[PDB]
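The chain contents come next:
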Amino acid sequence: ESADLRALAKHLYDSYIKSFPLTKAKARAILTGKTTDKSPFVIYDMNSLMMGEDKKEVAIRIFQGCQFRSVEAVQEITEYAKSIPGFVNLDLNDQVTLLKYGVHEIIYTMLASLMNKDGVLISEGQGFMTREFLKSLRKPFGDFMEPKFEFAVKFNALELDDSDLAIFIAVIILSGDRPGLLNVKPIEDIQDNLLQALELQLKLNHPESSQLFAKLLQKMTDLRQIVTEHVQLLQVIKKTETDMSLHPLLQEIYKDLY
Amino acid sequence: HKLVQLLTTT
Ligand SMILES: CCO[C@@H](Cc1ccc(OCc2csc(-c3ccc(Cl)cc3)n2)cc1C)C(=O)O
């Protein structure tokens with residue numbers, strides 16, 4: 001029923017606030033300068049990057065920075081998943097599978113919140129790295145962020161807020177079609193209810209946004225292609241940048257992925 | 001291994 005769907009929506013929003021210290025609302029306030037005493041440090045070149053260290057080669061430093069950020073996000077997203085009703089009762093192997101296949105899709109969703117066409121917030125919003133600086137990085141590091149910016153500009157045009165995002169993220173995590181899932185039915189049942197909640201949320205929160213629900217569902221499929229592309233890049237780096245290795249948590253996620 | 005630990009922490 002409708003009241004149940006709204007209580008679910010609100011529960012997910014509350015869990016989202018509890019799990020993710022930097023929200024889209026906060027990020028947008030920083031990006032448009034509608035905040036008090038906190039104007040972010042801009043990284044646009046090598047010298048800019050040097051100055052921002054107080055507050056290896058350049059491309060590796062950036063790469064390793066994304067990795068540390070990524071492991072923090074994995075921890076936050078796991079804490080969020082555990083508050084999705086029904087999730088912690090799933091077979092624990094299926095929870096691992098859901099997390100393994102869903103976590104990067106969520107990371108790139110939430111990255112969009114921190115992005116505009118010109119760059120991305122770093123260091124909990126204390127810094128801003130330009131899209132152009134990231135593009136300047138040597139092969140094969142210079143192309144890693146471009147598909148994420150491309151996605152973000154179009155995704156951000158949908159004007160979703162944190163309350164919409166909380167349900168969106170939950171729907172993605174509870175995907176019954178991940179490889180290796182033992183018990184698909186209970187996952188699909190939870191996702192079905194989350195989808196109803198999302199549909200009602202989008203209708204009430206954005207009544208005049210045409211076919212918003214359909215548009216959002218398509219974005220979920222687009223996210224998988226972004227992950228695919230990123231994984232391909234990571235295999236290039238593993239093969240040809242042999243001195244390096246991923247953080248152990250990231251190694252675990254990427255091992256036997258697809 | 002690490003994912004299981006994160007999933008079962010209280
Ligand atoms: C390569 C790892 O990719 C990660 C996923 C991931 C996560 C976030 C991300 O964008 C944020 C970002 C860009 S540059 C930056 C930075 C630079 C410098 C410092 Cl010091 C801190 C932060 N933070 C991009 C990616 C692809 C993985 O595969 O797990």
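Cut-offs used in this document
- Residues numbered from 1 in each chain as written, not as in the entry; some residues may be left out.
- Chains lettered and ligands numbered in written order.
- Heavy atoms only, no water.
- UniProt positions renumbered as here; feature names shortened; annotations may be inferred.
- Near = heavy atom within 4 Å.
- Polar contact = N/O pair within 3.5 Å; in protein donor to acceptor, adjacent residues only side chain to side chain.
- Areas by Shrake-Rupley, 256 points an atom, 1.4 Å probe, with all protein chains shown as cover.
- Helix = DSSP H or I, 4+ residues; strand = E, 2+ residues; numbered from the N terminus.
- Buried < 20%, exposed > 50% of the residue type's maximum accessible area, 1.4 Å probe, protein only.
- Contact = heavy atoms within 4.5 Å.
- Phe/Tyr/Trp six-rings, centres within 6.5 Å; stacked < 30°, edge-to-face > 60°.
- Pairing = 2+ DSSP bridges.
- Buried area = accessible area lost by both parts, 1.4 Å probe.
- Salt bridge = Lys/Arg side-chain N within 4 Å of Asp/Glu carboxyl O.
- Core = buried A, V, L, I, M, F, W, Y, C linked by side-chain atoms within 4.5 Å.

Looking at the PDB entry, one finds chain A named Peroxisome proliferator-activated receptor gamma, with Homo sapiens as its source organism. Listed as the entry title in the PDB record is "Design and biological evaluation of novel, balanced dual PPARa/g agonists". What UniProt states about chain A under its Sequence similarities heading is, verbatim, "Belongs to the nuclear hormone receptor family. NR1 subfamily."

Moving on, we come to the site of the ligand. Residues and elements named next belong to chain A. Contacts to the ligand come from 17 residues, most closely from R69, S70, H104, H230 and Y254. With respect to the ligand, the side chain of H104 contributes an N or O atom lying 3.0 Å from an oxygen atom. With respect to the ligand, the side chain of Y254 contributes an N or O atom lying 2.5 Å from an oxygen atom. Relative to its free-state accessible area of 670 Å², the ligand is covered by the protein chains to the extent of 90%. Contributions of two or more residues to the shell around the ligand are made by α4 (58–81), α5 (92–113), α10 (212–240) and α11 (248–254).

Time to look at the UniProt feature "binding site: rosiglitazone" in chain A. Residues and elements named next belong to chain A. Sequence positions flagged by UniProt for "binding site: rosiglitazone" are, in local numbering, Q67, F68, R69, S70, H104, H230 and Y254. As for its placement among the helices and strands, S70 is situated in helix α4. The class of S70 is buried, set by a relative accessible area of 11%. Those residues in contact with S70 that lie beyond four places of it in its chain are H104, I107 and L250. Relative to the helices and strands, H230 is located in helix α10. A relative accessible area of 12% means that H230 is categorised as buried. Dropping the residues within four chain positions of it, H230 is found in contact with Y108, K148 and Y254.

Before going further, it helps to examine the packing of aromatic side chains. The way to describe two aromatic rings as a pair is by their centre distance and the angle between their planes. Residue and element names in this part refer to chain A. Counted under the stated rule, the structure contains 7 aromatic pairs over all chains. Seen from their ring centres, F20 and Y80 are 5.6 Å apart, and the 45° between their planes marks the pair as tilted. The exposure class of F20 is buried, given its relative accessible area of 2%. Among the residues examined, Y80 registers a relative accessible area of 0% and is labelled buried. Ring centres of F151 and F155 lie 5.0 Å apart, and the angle between their planes is 20°; on these two criteria the pair is classed as stacked. Taken together, the residues span about one helical turn, with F151 and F155 both in helix α7 (residues 146–156) at a distance of 4 residues. Considered together, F151 and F155 belong to a single accessibility category, that of buried residues.

Moving on to the environment of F63 of chain A. As for its placement among the helices and strands, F63 of chain A is situated in helix α4. For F63 of chain A and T221 of chain A, which are 158 residues apart along the polypeptide, the C-alpha to C-alpha distance reads 26 Å.

Turning our attention to the sheet that holds strand β1 (residues 41–43) of chain A. Two orientations exist for strands paired in a sheet by backbone hydrogen bonds: parallel and antiparallel. Residue and element names in this part refer to chain A. One open sheet holds the 4 strands; their spatial order is β1-β4-β3-β2, and the pairing between them is mixed. Of all the strands in the sheet, just β1 and β2 (115–116) have a single pairing partner and so form its edges. Bridge analysis of strand β3 (residues 119–122) against strand β4 (residues 127–130) gives 4 bridges, and the strand direction is antiparallel. Residue pairing in the sheet places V120 in a bridge with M129 of β4.

A few words on the UniProt feature "short sequence motif: 9aaTAD" in chain A. Under the local residue numbering, the UniProt record ascribes the feature "short sequence motif: 9aaTAD" to residues 248–256 of chain A. Span residues 248–256 of chain A is 78% helix and 0% strand, its end C-alpha atoms 14 Å apart.

Another point: the interface of chain A and chain B. Many authors give the size of an interface as the accessible area that is lost as the parts come together. Taken together, the contact pairs 15 residues of chain A with 8 residues of chain B. Here chain A meets chain B over a buried area of about 1000 Å², counting both sides, of which 76% is carbon and sulfur. Counting every contact that joins chain A to chain B gives 0 salt bridges. The interface formed by chain A and chain B includes 5 residue pairs in polar contact.

Another aspect to go through is the nonpolar core. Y80, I84, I173 and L174 of chain A are the most contacted members of the largest nonpolar core, which has 90 residues in total. Dropping the residues within four chain positions of it, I173 of chain A is found in contact with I77, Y80, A81, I84, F87, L98 and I106 of chain A.

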